[PDB]
């Protein structure tokens, strides 16, 4: 058996699906979008029996800026790791993770995160991969808090518009809203969400996938929405193969800090779902939420669908 770098995205896709595809159905198109466009120092290490891939690990170090923010080189990520079901418990996963970890630590990494990377597949250890928690524990990852993807069927329920302060309006993005948007982001959301706007518009995001809330002239919030027309596949629709015909999703969503806790997110959410409903969306996902914000979406009949556990290893 041999460990060496690999770029055979196809064979990686097949191994993924063969082992976990029932709950995380991967496609080559999503896989390549996310691996290829990621801008961090990244690598895929493969484990091989002769010519045959029997395992892999995808790992990154934070080396590229996040909006106005510089990279913190102390952070590394395990994007994913999977050993083939017929080759488990032979030391292969350990070998593969030792190699990834060794390389990251030599490049200055002190904190290793399970998922949560840019172009992540997972916000943390999926609950479907709960048995791997013990594997990560042995290696010195600490199991921390949970995150949830939520699911709902926006076709099935009708809601009363929450009552609305005057001056505010909410509309899908027009191309001339764009300078307005980036100013607002530079001001209120200048790390990861600013960066994602930047990169995502370069690889097929359209204004129609964006909803904006205004106080008179001014942009004070956004949501990113998804349907079967979106060409950029974002987290909410990663697992669209499970979601049926007329799938959708929503996230992120953000209101300028000075405008929060006055019902405006509720209004943005309502209208963002209204748009999706009018587009005939049925089942849709809201990705990567915290336990404390679930009921904000629950008011609209969303429920937790997947769970992920944050996990972090501190290098000695």
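Take the two forms, find the largest set of C-alpha atoms that superpose within 1.5 Å, and that set is the rigid core. Positions refer to the first chain, counted from 1.
Core-fitted comparison in 5 other deposited structures of this protein, 183-191 vs 79-87, farther C-alphas: The more displaced stretch in 5 other deposited structures of this protein turns out to be 183-191.
Greater root mean square CA deviation, 280-288 compared with 256-264 in 5 other deposited structures of this protein, core aligned: Of 280-288 and 256-264, the stretch deviating more in 5 other deposited structures of this protein is 256-264.
Of 183-191 and 148-156, the one with larger mean CA B-factor: Between 183-191 and 148-156, it is 183-191 that shows the higher mean C-alpha B-factor.
Selected stretch [higher average CA B-factor]: 203-211 or 125-133: The entry gives the higher C-alpha B-factor average to 203-211.
Given 94, 80, 116, 218, the residue at which the Cα B factor reaches its maximum: Checking the PDB record, the top C-alpha B-factor among 94, 80, 116, 218 is at 218.
Residue with highest C-alpha B-factor in the PDB entry, from 224, 229, 120, 73: Comparing C-alpha B-factors across 224, 229, 120, 73, the top value belongs to 229.
Chain-wide C-alpha B factor ranking for residue 43, given as lowest, middle or highest third: CA B-factor rank for residue 43: middle third.
For residue 67, the third of its chain into which the C-alpha B factor falls: Residue 67: CA B-factor falls in the highest third of its chain.
Chain third (lowest, middle, highest) by recorded CA B-factor, residue given as residue 283: Its C-alpha B-factor, which the entry lists for residue 283, ranks in the lowest third among residues of this chain.
Residue 36 - which third its CA temperature factor falls in, relative to the rest of the chain: It falls in the top third of the chain.
Residue 61, C-alpha B-factor rank within chain (lowest, middle or highest third): For residue 61, whose C-alpha B-factor we compare with every modelled residue in the chain, the answer is the middle third.
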